[PDB]
Amino acid sequence: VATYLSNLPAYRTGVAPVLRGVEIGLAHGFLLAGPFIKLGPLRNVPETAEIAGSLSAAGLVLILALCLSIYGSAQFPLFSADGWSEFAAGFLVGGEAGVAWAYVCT
Amino acid sequence: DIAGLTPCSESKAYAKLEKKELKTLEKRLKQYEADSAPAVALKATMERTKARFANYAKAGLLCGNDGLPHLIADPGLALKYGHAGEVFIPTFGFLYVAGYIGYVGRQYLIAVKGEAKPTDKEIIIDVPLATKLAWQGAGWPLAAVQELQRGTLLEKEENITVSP
Amino acid sequence: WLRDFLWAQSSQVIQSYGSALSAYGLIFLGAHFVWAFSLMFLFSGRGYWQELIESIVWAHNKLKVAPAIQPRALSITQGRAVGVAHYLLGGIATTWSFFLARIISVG
Amino acid sequence: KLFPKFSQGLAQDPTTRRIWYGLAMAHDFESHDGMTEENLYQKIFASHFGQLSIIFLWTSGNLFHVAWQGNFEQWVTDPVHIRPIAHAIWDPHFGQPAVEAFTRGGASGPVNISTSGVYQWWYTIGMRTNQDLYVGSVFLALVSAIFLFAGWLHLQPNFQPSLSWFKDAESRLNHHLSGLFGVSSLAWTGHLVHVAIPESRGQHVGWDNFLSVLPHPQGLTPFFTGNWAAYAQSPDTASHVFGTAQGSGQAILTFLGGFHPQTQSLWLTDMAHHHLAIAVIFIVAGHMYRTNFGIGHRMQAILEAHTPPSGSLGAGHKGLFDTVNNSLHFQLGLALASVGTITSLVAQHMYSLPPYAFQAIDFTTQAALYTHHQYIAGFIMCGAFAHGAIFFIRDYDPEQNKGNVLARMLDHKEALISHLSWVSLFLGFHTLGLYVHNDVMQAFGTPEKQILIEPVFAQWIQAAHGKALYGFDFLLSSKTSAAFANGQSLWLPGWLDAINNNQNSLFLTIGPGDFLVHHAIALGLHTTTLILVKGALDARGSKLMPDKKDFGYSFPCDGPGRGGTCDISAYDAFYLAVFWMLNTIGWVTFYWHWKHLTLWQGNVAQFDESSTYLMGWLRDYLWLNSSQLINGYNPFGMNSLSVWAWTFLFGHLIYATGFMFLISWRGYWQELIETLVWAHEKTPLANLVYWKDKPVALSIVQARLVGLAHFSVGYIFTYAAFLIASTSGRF
Amino acid sequence: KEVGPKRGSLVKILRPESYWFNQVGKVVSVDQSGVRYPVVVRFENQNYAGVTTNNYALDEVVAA
Amino acid sequence: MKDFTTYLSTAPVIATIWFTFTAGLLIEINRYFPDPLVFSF
Amino acid sequence: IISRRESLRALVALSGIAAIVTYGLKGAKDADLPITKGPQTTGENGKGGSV
Amino acid sequence: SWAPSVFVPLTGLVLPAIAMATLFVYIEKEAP
Amino acid sequence: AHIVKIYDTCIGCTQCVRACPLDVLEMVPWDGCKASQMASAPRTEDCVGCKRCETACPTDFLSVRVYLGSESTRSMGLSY
Amino acid sequence: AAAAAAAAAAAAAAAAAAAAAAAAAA
Ligand code: CLA
Ligand code: CLA
Ligand code: CLA
Ligand SMILES: CC1=C(/C=C/C(C)=C/C=C/C(C)=C/C=C/C=C(C)/C=C/C=C(C)/C=C/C2=C(C)CCCC2(C)C)C(C)(C)CCC1
Ligand SMILES: CC1=C(/C=C/C(C)=C/C=C/C(C)=C\C=C\C=C(C)\C=C\C=C(C)\C=C\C2=C(C)CCCC2(C)C)C(C)(C)CCC1
Ligand SMILES: CC1=C(C/C=C(\C)CCC[C@H](C)CCC[C@H](C)CCCC(C)C)C(=O)c2ccccc2C1=O
């Protein structure tokens, strides 16, 4: 939809890349914790089911944050050597916040 | 007894396996009336079977640890101990027929190249020609070794090469 | 599927010798052959086999048995079509003889 | 744009094969940009330091993990019932039943049973304690760092060798025969006689007391006087116990033959006289070639002067020396031919003559060590022809090679390939035809109608070596012959007691199942050479393509024209042989393993009944022996075979993934990627992401290699899973 | 004069890279000009492209 | 019917006649000579 | 804390340090990793069947 | 003794990820 | 950039030019044939190497000849 | 840490010789 694609932060050109990666970070923050916290190796432990799965999911955010910075050094107002480094920074800080936001939402 | 072996008329695992097979045929034979053709067939199977064991012991076939007819494919151990019929007779009974088919097929290809278009007569085999070479090729070693002495068997270095 | 289906149920096609199901034991080896025979065609290519024919047309040139219909290797699409035809024939007749030697005995 | 620093023609490639060909022709030094022949030899020479520094780091890794995570000090005391340990396991993906099922061998945590058998090799060279194994690990780790630093320094411009230093074939072959082969074996007999002989007699000769222990009680006095039989006076007896002094004996160079009675290994004393004897010969053969002192042989006058008269071999070997010395692929092709045959010779002589103590009792060790050095021999032997085929393109010069034996090879090259194609076709007709004949006779219930040709020509040889099971009474089974009577005190009674024992692998008794399979091996040897010698000879051209040398060794094709030229290159003629190689080594290892399973179980008649027909290969060796393998994990539970059960399905998966690169070819896939490029460039919010190297499908030559690698890795991992788990499952 | 063989004589090809090397065919015409490869030879043996004819030079071509 | 005898003299038709000849000869011999493993007299 | 490329390269690498050097001792969960447990009942038998 | 629970996540998660990265950023350098 | 080099065994029947799907080949005068023409490859920068030229040359041991060199974005046949 | 610090204090002099090798070669 041409209406909806102009809303979500991948196409908001009029936003700074720090706040852009922050909203993308939290949006994938309290969401990818879902499979680890429900059906990982610790479904049937009713105290570690929210601890280790969220701590693993924060590890996956750490991998994806490196995976973003690797792309910026490869590929090169976000598509820049600096705007992407602010983008991956906001994804790491925004992603770690959202995974802690996932554990808060218990 | 040539190479750790024994005659099949003398070994006992051979006779044990003969009695093993005839046991399996007879317990299969028991399900039928003595007039019935499913029993006439099985008793005819036995008399082909029992004559087969009689004929293998008659020829002096060599059994071993497993009681099976072992073959000796060496002249000088088959000529000396009476076993040329195992390998040494059919190694020339074959090579008569083998070079026969080779020579008939050779003479058909040689005698077709001097024509208009010889590729047509490899589809459409000239049957009055091909059968004529088929009958008269029966002395093919007598004809080949005469062709071997000339130099007409081997074509010279007119043959096709790449980069010698 | 390896243990309980292809290995446990194969014990009626592999020891069916000396019985009426022994023809299914042969085609079980027969189609295991023809299947693998197809991999000569599915993997290799024509420009190998044409050069190998030239080396044996040479020994047929030398003994004056050079044929008039000249030996060529199978075409590119043909060597594939020979390959998938022997893959399917060797593949299906394996399962044919596996199924029937199983199910005639135990059923 | 920067990664292929060697090939700038790949640096201008905007596609993703830039990555794939940056990897695969990075060690093709002859085709790099700006490469010269002085620059050629220096990178090869430093890379050989790189191979050596890896090997010694690898071996120091084996010494470390055995010394730390293994039970070598526990295995010394009981070397039969205690199973060896390779390295302990830390896989955090495990479960609790998968921890306790892999704890074995008396260890604490999960462990791997070492089937490589480096315990038996280390136990007989004197290793007894773990502290002796850490010292060996720290030693080789130092030596591996020496070869790392050496390959760095011999690239530095002060220390770069001259171009004429490498072409001195006189001085290398004079130093490697005498020093690298002779002095090394002379020093290894120094390790045997000083250390490894008295360690078996229960006497610790360490680095502290090796200058105090005499190896022989009257040492160095027979060597300086002459009575060298004083070194063989009181040997290890027939009631010796290995590792102790119980019936020890004092000889250091005995010449017995046969085996030790306990270990069923070779005696340590004649292994000392062995490596002493060839050390003397390699040093003497290391004084043959004329380097700098006016004496010796020139290689430039031995080749060229051996031309037979009446034109038997053209112009003889005239002019080969400048085509061996200048060409590297000729030197590499000879070396892979030599090493690849003396890799089989390692494998053929270690199951029958096991050289290490309590080997040929550990059965999984014997299965791994034979099968390893047969596939290692198989790959090296087909690379000899591969780099032999690269020789005819990159290095062959017909003007330099007018009329020698190398050009007469290319002259009658169709007579070579057509006579190989007759032998391969005759064997395949009459080996398969006999098995199918036997299979039908099994199917019709009549095993007596089989074709069972007794192996006369090999049983005649075993009887000539002293096997009186067949009664040829010929030479060493003949007790009134000459060769029996020239050695009754010299070397025979140990050897003749060792063959006529029915329970070792020294000259196994053979029947018609062994007739058929050696011809099948002969089929596989003659057909694999048919593919390879055709790949060497027709590397320069055929009638289909008379300028194959202009493209190079590894090209895809020459188009669909002239009838179609799929797989025309000599690379593509080499790769077809790897299928027929793995087939052939698959046939030698099926036959080795199954004749040894029926030997070690005891049912030695279960082979000879069933090996004569191909169903017995299937329902008695593959079906029957994979019972405990595939039961490595089931819904009832799991056991120690589950890591080999998992790999056995892992091997089938890589194998079948190999057919995807072999049946599907490139151009189905390039069109499929063009849809993926579209669906990536038109997807919203993924247009943020764009590639740097353009996604293209894997090239034609690459698809051969990637598919052959998946074929071969899955081939190896399948059989090694079946080999280790069928042996160790029942043993 | 008229260089090359006659109009329809048998001939033997000596070009080592040609498909009909050491092989016998019929000359059909020899072009009388400064062409590098005047001699046109027809064969019964067709090549891998199905082309039964080729031009050859004066020196790669020998009678009978 | 001269054209019909050319068809009978093509390659696959002579192949399927001669193979019924040669198999049918070996079938009748292996009927009247049951199981010849070795050349007797 | 981090905003450029090389600051993020340090923080990912140091966070990989801070997890793994603890995971060997404090982070091996009692229910997750059965290797980081005690030696349980048996298992140290021969390979079975024969030798 | 604490070694096999530390060196294995280094070589298998961490040191390969450095080699996944540094041997990737090297690939697409634009050559000066 | 593939390497297309043609030879003097050309007869100038211009079937290679008509078969070239990328206009790599064109016909230049040359006196060594009856048709007074010999091909030329001024546009090997655009060549993919699909070898439709040398499927079409009549001459034995093909006169046109394509050597697969280093592949740019035009030699790999890319719309992307 | 006896043989650890002794190997480390040996590696100090080994690295100092490596600073001699890293300069005298080029
Ligand atoms: C006497 C002096 C001497 C010695 C000892 C050596 C030693 C060596 N040179 Mg060398 N070299 C010398 C003089 C010498 N060189 C001179 C004067 C020249 C100039 C003319 C050269 C030029 C030269 C080149 C150009 C190269 C070498 C290489 C090598 C290495 C051989 C590779 C290897 O380890 O395989 C040794 C192989 C074996 C030990 C196995 C074969 C032995 C037997 C027959 C096999 C079966 C028995 C087996 C050992 C049993 C195993 C049991 C157990 C161990 C498992 C080796 C370190 C190569 C290398 O790696 O570079 C460093 C290389 O590329 N040299
Ligand atoms: C002494 C050993 C030796 C040496 C020095 C060489 C050296 C060379 N070979 Mg040669 N070769 C050898 C043995 C050797 N070879 C053997 C034994 C074979 C037969 C298998 C071959 C077959 C061979 C061919 C067919 C070709 C060469 C080529 C080359 C040259 C380029 C190097 C290259 O492509 O590396 C790069 C190598 C790689 C990138 C490795 C590719 C991947 C392999 C298959 C390993 C895959 C293993 C897999 C990943 C296992 C992991 C599984 C996982 C589940 C655990 C170079 C001169 C090429 C050449 O000269 O071109 C004209 C060439 O075409 N070689
Ligand atoms: C099981 C699979 C298989 C089989 C049977 C073969 C068989 C053969 N390959 Mg191989 N090959 C294979 C897989 C296989 N390959 C694979 C996977 C590759 C990798 C691509 C290769 C690559 C390869 C190369 C590169 C070469 C061979 C060659 C050969 C021939 C070796 C000579 C020989 O033994 O003749 C014996 C052949 C047989 C016994 C098969 C015939 C079966 C019977 C006898 C025919 C009659 C039965 C029946 C009447 C027919 C029924 C049809 C119809 C009437 C219904 C033979 C045809 C070489 C060659 O041509 O040598 C001459 C050669 O150069 N192959
Ligand atoms: C392609 C080519 C190549 C390659 C080749 C090859 C690969 C080869 C191989 C080869 C081989 C692989 C060979 C083998 C050989 C062997 C032999 C020849 C053997 C012999 C033996 C003997 C002589 C023995 C004797 C004896 C006996 C009888 C027993 C007992 C002891 C005695 C000693 C007495 C090259 C590179 C050159 C290049 C060119 C071409
Ligand atoms: C006695 C015997 C034996 C042995 C054998 C031998 C040892 C042989 C040798 C052989 C040899 C050493 C051979 C060689 C050869 C050569 C040649 C060279 C040949 C040729 C041939 C030909 C040439 C022919 C042709 C033809 C004709 C003429 C007719 C038919 C058709 C054709 C065309 C094919 C055995 C025991 C095994 C078995 C039994 C028998
Ligand atoms: C083996 C193989 C060949 C060689 C196969 C040859 C050319 C044909 C096989 C034999 C044919 C069927 C002739 C046999 C029967 C003839 C009718 C002659 C009959 C004579 C008597 C038997 C009656 C290819 O040409 C080929 C081409 C492309 C990819 C792979 C391959 C490939 O794998």
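Residues numbered from 1 in each chain as written, not as in the entry; some residues may be left out. Chains lettered and ligands numbered in written order. Part of a larger assembly, values for the part shown. Heavy atoms only, no water. Residues with missing side-chain atoms left out of burial classes, pairs and counts.

- cryo-EM is the method the PDB entry states for this structure, with the resolution given as 3.3 Å.

### Section: the overall build of chain F
(1) Moving on: Helices and strands together make up the secondary structure of chain F, namely two helices and zero strands.
(2) Moving on: Oriented by its inertia axes, the alpha-carbon framework of chain F measures out at about 45 × 15 × 15 Å.
(3) Moving on: With 41 residues in all, chain F has 12% of them scored as buried.
(4) Moving on: Accessible area for chain F stands at about 3500 Å²; split by element, carbon and sulfur atoms hold 74% of it. (Helix = DSSP H or I, 4+ residues; strand = E, 2+ residues; numbered from the N terminus. Buried < 20%, exposed > 50% of the residue type's maximum accessible area, 1.4 Å probe, protein only. Areas by Shrake-Rupley, 256 points an atom, 1.4 Å probe, with all protein chains shown as cover.)

### A look at the coordination of the magnesium atom of ligand 1
(1) Moving on: Counting protein donors around the magnesium atom of ligand 1 gives one, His176(D) (NE2), at 2.2 Å.
(2) Moving on: Residue placement: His176(D) occurs in helix α9 (residues 169-200). (Donors = N, O, S within 2.8 Å, 3.2 Å for Na, K, Ca; no water.)

### Side note on the interface of chain G and chain H
(1) Moving on: Residue-level contacts link four residues of chain G with six residues of chain H.
(2) Moving on: A combined buried area of about 490 Å² lies between chain G and chain H, and 81% of that area is made up of carbon and sulfur atoms.
(3) Moving on: For chain G, the biggest contributors to the area lost against chain H are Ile20(G), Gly24(G) and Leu25(G); these three give 66% of the whole.
(4) Moving on: Scanning the region where chain G abuts chain H turns up one residue pair in polar contact. (Contact = heavy atoms within 4.5 Å. Buried area = accessible area lost by both parts, 1.4 Å probe. Polar contact = N/O pair within 3.5 Å; in protein donor to acceptor, adjacent residues only side chain to side chain.)

### Structural notes on a nonpolar patch on the surface
(1) Moving on: Among the surface-exposed residues, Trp18(F), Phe19(F), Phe21(F), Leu25(F), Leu26(F), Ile29(F), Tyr32(F) and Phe33(F) lie close enough to one another that they form a single nonpolar patch of about 900 Å² accessible area.
(2) Moving on: Position of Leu26(F) relative to the elements: it lies in helix α2 (residues 11-32). (Patch = residues over 30% accessible without salt bridge, like charges linked within 9 Å, V, L, I, M, F, W, Y side chains within 5 Å. Salt bridge = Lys/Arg side-chain N within 4 Å of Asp/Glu carboxyl O.)

### Points about the site of ligand 4
Residues and elements named next belong to chain D.
(1) Moving on: Ligand 4 sits among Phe 330, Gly 333, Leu 334, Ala 337, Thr 341, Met 381, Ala 384, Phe 385, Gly 388, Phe 392, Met 409 and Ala 536.
(2) Moving on: For the shell around ligand 4, the secondary-structure elements that each account for two or more residues are α13 (328-351) and α14 (363-395).
(3) Moving on: A per-class count over the shell around ligand 4 returns nine nonpolar, three polar and no charged. (Near = heavy atom within 4 Å. Nonpolar A, V, L, I, M, F, W, Y, C, P; charged D, E, K, R; others polar.)

### Observations concerning the sheet that holds strand β1 (residues 10-13) of chain E
Residues and elements named next belong to chain E.
(1) Moving on: Read from one edge of the open sheet, five strands run β4-β3-β2-β1-β5, paired in antiparallel fashion. Each edge of the open sheet carries a strand with a single partner, namely β4 (53-56) and β5 (61-63). In this sheet, neighbouring strand axes are inclined to one another by 45° on average, regardless of whether the strands run parallel or antiparallel.
(2) Moving on: Direction of pairing for strand β3 (residues 39-42) relative to β4: antiparallel, over a ladder of four bridges. The residue of β4 that forms the bridge with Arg 42 is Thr 53. (Pairing = 2+ DSSP bridges. Axes fitted to C-alpha atoms, helices over the stretch in contact; angles between N-to-C directions.)

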